[PDB]
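Data first, discussion second: the structure below is written as structure tokens.
Protein chains: 6
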Amino acid sequence: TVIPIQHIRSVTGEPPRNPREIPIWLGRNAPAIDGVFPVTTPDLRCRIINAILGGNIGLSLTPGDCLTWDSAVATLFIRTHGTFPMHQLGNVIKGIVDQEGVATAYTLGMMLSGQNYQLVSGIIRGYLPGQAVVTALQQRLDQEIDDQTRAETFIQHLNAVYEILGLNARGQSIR
Amino acid sequence: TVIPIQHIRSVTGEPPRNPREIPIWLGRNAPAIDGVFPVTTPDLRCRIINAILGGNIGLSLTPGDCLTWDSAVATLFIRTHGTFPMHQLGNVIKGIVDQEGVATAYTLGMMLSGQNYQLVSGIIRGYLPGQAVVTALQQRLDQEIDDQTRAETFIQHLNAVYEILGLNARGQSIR
Amino acid sequence: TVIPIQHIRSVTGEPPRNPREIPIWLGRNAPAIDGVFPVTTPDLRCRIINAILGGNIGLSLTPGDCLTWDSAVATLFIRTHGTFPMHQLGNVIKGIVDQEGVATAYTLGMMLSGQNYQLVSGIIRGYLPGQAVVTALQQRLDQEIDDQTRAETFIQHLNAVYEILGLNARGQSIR
Amino acid sequence: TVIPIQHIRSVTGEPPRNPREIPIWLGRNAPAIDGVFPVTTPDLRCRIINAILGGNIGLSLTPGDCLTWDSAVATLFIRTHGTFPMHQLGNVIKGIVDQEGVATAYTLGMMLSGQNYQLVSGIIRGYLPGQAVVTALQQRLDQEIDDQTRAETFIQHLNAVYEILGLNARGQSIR
Amino acid sequence: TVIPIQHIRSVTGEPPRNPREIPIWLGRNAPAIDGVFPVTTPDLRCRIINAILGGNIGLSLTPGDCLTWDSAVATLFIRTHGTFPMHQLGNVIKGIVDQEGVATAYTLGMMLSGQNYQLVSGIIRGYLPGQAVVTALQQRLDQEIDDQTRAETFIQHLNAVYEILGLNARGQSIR
Amino acid sequence: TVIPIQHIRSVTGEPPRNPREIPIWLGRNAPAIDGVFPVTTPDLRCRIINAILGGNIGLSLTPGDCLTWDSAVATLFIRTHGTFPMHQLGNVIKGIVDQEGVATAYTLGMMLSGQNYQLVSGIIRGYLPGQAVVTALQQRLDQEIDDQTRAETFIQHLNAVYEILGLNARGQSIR
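What follows is the structure in structure tokens.
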């Protein structure tokens, strides 16, 4: 095969030069890249990741690393931050909430941790924008069946509760 | 099934930064997008929209919100301006009437509103060129049988009235 | 299908900024476009025109408008100039013969005036380049059996008289 | 069905601005265009000329005119110069020998005249660069069996005689 | 086959202006090229390198010189610097562990030295990043069988130790 | 069967205007051209060269002249510089020796000369750096059997001699 790199690299754009911003940059373009091209085999994830990173030192992956987007995003964290990602999940989540917003930090949160709803849910509930929201969001997530049902319906609920109070993704008033 | 994003960007350009300026940019550039690469289902429209807006998780859509290029546009306007933003919808429409004219202000307004004949009809009738037009246009639309039918035959009737009086699109004379 | 946009756009160039000029510009670059990519169906004209004129939602066409290159140019004229009273058809046509010449002004002239031969034939007669050409043309049109055939063979006969006298499209001498 | 217009436009270049230069510029570039992409039908030859010229010029041809490259080059000469190319054949050939030398002027002179070897040879014999070149070239051409084959091997024989005297393509002395 | 050069040449970028900088630039950018287009044979490595470096008849390789990317990078090194004697292998390697770090310098030193594991292991032990690394790495290599296994397990151990101590490739702490 | 002239010409660039400068320009760019697009038959070599030099009939090769790249470049040298142009071939060569060193000069200087070992050997020996270089290279080349052999091993032996004395490519010291 040959990967359509002309296209994939228009969705994504050019990467950040500060190289401990990279795992979060690749983390939040992954959903888009999967729409524009079906990435099925770990060989193609590795090929795509290595193409879009270009000439950066020590930052090529192996197909061993790139089994899921998570596993890859965790491996590029370990080679930049030095630590494992799940020895500072708290600080990383808080840092994203402040720049990008809750629905972003939720998403990267469950890439880095490894689809651990319990933990990431609890760390986020900390950084929600005001007490009122926290109570609102909680009663919606308590009326699902399982924690498997809650990890699909979490963004759907946050987006409904922010409509009522009139806030804007980054958690500021529209009003 | 490679969505050719590089070509679609060649025609539309880059979307704005200030995400209050995204919902109209998407309505304006819609019939260009659809000429380069023709969409068919909601599925594809989702995959195209998300890929254009890039690595933005906050303004990401789902198939549910994308039956039509209008349903997509409406959903984004409620996330950015909030519901019942009637003073702002007043202001985006008054702006267009001055640059473009009333038949453009009508279609963009009706797109951003979720095809709300009653609201947008009302706003435009305050920005028409002079008392005699308002009255002539209304008498024609009142003869029509229901509100679905008025929304169909509005640009039609506005033209007929503007032609008699000898105005061009921007409501200035050609006699 | 797959419309070769970035090739078509290399060949035509950029559409002019004052949009009153567009309609005559889409006429001159038609036989170039048909070179690069043969436009068969009206659905394909719409797609190509819409992608060229970019994010200008004022000028978007439908299959309904663009059946022939001349139908499409006629519509785009109406929207940039306005619908005229018949008594002013003369003043539109004159203008065009000074830019483009008689064969242009005839064709648009019949589109704008419900394809009526008597009116626009009678108007054009006035603006030909010299007495000789006028009588030269008539005799060829007076051998024809009815006004239906005259309406077809008008361009054909006009070119044959301009050949003989040694005149360019604008009706001046080639030297 | 879709011609490679990107590749052909690299081989030719931009057309010259002064349109009395166009009909010879197209004669020089023809045999290279035949190499890059094969041109078999009139309908193809038409399209390639119409796309190269580009619509700023307004020199559109038809599948009747573009039958053979010489018939196309013939037609464009009339619509710029106003005369027939056979009105002054000497004064065209003498021009092309003063810039590009004998082998260009042989090649366009056969194009304009309609493969009239007997005439074009008789004209160019006058403009050759010195008595012994003339008498040396006319020894070789008199040795070959017929005139069909003389017109084939003419440039093959000319390049030889320029070698043995040490002149370049523009008939100047190399030393 | 024809190779996708325009795509490869958009992922790597322009090669540096000083040609002593070229042989390492090519090592950094190898994995990217393998991403765009998987390079399988020595032939295809040659074709790709020769096209990227363009007009340099100076640095053009053959299939002999490029079996593996590490052969090419060595051959290109010998040209741009010159073959140097044993006592100068010190200043070559120290120069590189400063730019790129131990893993790069080990692989090139083993290549510019005819795989002299005792020499290139000895020199690299002076430029390791702290005494506790020097000692930890030694123990792992020591409990291997012979020098041939030690040569092929070196980079495996280096990285394992660098991981525990939490260093990046350039050999500096990131915690 | 399209020759892709836009890809080739993105790697080589635009050939120089002064027709004396061409033969060496095509020598330098030869390996990069066959990197982008693999030639095989003499036919295709002919077709690519004529496409590049464009609408230039004065420098137009035939398949007879194009067995190899070198055979083309020799023939084009003889059309522009003369037969036995030995003062001229002196200065192209000494020129390249003072920018790019002896090993390029031997390779280019050989193509321009149609692989005339004894002539290009002779020229270069008088630009080598110092008397001790000349004796040693000569002894090593003399130990060879045939004159064909000597031209296969010439660069190899230059670099042995150069590497004892401790010189780089450009005849500069490396101590």
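Sequence order for the protein chains is A, B, C, D, E and F.
For the first sequence, the residue numbers in UniProt numbering are 303 to 477.
For the second sequence, the residue numbers in UniProt numbering are 303 to 477.
For the third sequence, the residue numbers in UniProt numbering are 303 to 477.
For the fourth sequence, the residue numbers in UniProt numbering are 303 to 477.
For the fifth sequence, the residue numbers in UniProt numbering are 303 to 477.
For the sixth sequence, the residue numbers in UniProt numbering are 303 to 477.
Note that CB positions come from ideal geometry on N, CA and C, so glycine has one too.
Residue environment, residue i, which counts as buried when at least 16 other CB atoms sit within 10 Å
{"i": "D/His309", "result": "buried"}
{"i": "F/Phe456", "result": "buried"}
{"i": "C/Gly403", "result": "buried"}
{"i": "B/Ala376", "result": "buried"}
{"i": "B/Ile350", "result": "buried"}
{"i": "A/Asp449", "result": "exposed"}
{"i": "D/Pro387", "result": "buried"}
{"i": "A/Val304", "result": "exposed"}
{"i": "B/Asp336", "result": "buried"}
Other residues of its chain near residue i: CB distance less than 8 angstroms, five sequence neighbours each side excluded
{"i": "C/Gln417", "result": "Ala453"}
{"i": "A/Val422", "result": "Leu391, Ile395, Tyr408, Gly411, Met412 and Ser415"}
{"i": "B/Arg322", "result": "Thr382 and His383"}
{"i": "A/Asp367", "result": "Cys348, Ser373, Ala374 and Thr377"}
{"i": "D/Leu355", "result": "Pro317, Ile324, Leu361 and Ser362"}
{"i": "D/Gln433", "result": "none"}
Beta-ladder partner(s) of residue i, from DSSP
{"i": "C/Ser475", "result": "C/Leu469"}
Beta-carbon proximity of residue i to residue j, cut-off 8 angstroms
{"i": "F/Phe339", "j": "F/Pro317", "result": "no"}
{"i": "D/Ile398", "j": "D/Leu410", "result": "yes"}
{"i": "E/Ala353", "j": "F/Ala374", "result": "no"}
{"i": "E/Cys348", "j": "E/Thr370", "result": "no"}
{"i": "A/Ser312", "j": "B/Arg311", "result": "yes"}
{"i": "A/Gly473", "j": "E/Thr314", "result": "no"}
{"i": "E/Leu443", "j": "E/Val463", "result": "no"}
{"i": "B/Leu378", "j": "B/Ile425", "result": "no"}
{"i": "E/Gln420", "j": "E/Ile326", "result": "no"}
{"i": "D/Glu465", "j": "F/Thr343", "result": "no"}
Nonlocal neighbours in the same chain, by C-beta distance under 7 angstroms from residue i, ignoring five residues either side
{"i": "F/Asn461", "result": "none"}
{"i": "E/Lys396", "result": "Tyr429"}
{"i": "E/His459", "result": "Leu439, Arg442 and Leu443"}
{"i": "E/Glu446", "result": "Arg452 and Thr455"}
{"i": "C/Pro431", "result": "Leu469 and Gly473"}
{"i": "D/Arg427", "result": "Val436"}
{"i": "C/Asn393", "result": "none"}
Anticipated Cβ contact below 8 angstroms, residue i with residue j, distance rounded
{"i": "D/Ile476", "j": "F/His389", "result": "Rounded, the Cβ-Cβ distance is 12 angstroms, inconsistent with contact."}
{"i": "A/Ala405", "j": "A/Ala471", "result": "7 angstroms"}
{"i": "F/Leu361", "j": "F/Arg381", "result": "6 angstroms"}
{"i": "D/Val435", "j": "D/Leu467", "result": "7 angstroms"}
Nonlocal neighbours in the same chain, by C-beta distance under 6 angstroms from residue i, ignoring five residues either side
{"i": "E/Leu328", "result": "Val375"}
{"i": "C/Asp345", "result": "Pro365"}
{"i": "B/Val341", "result": "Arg347"}
{"i": "D/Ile359", "result": "none"}
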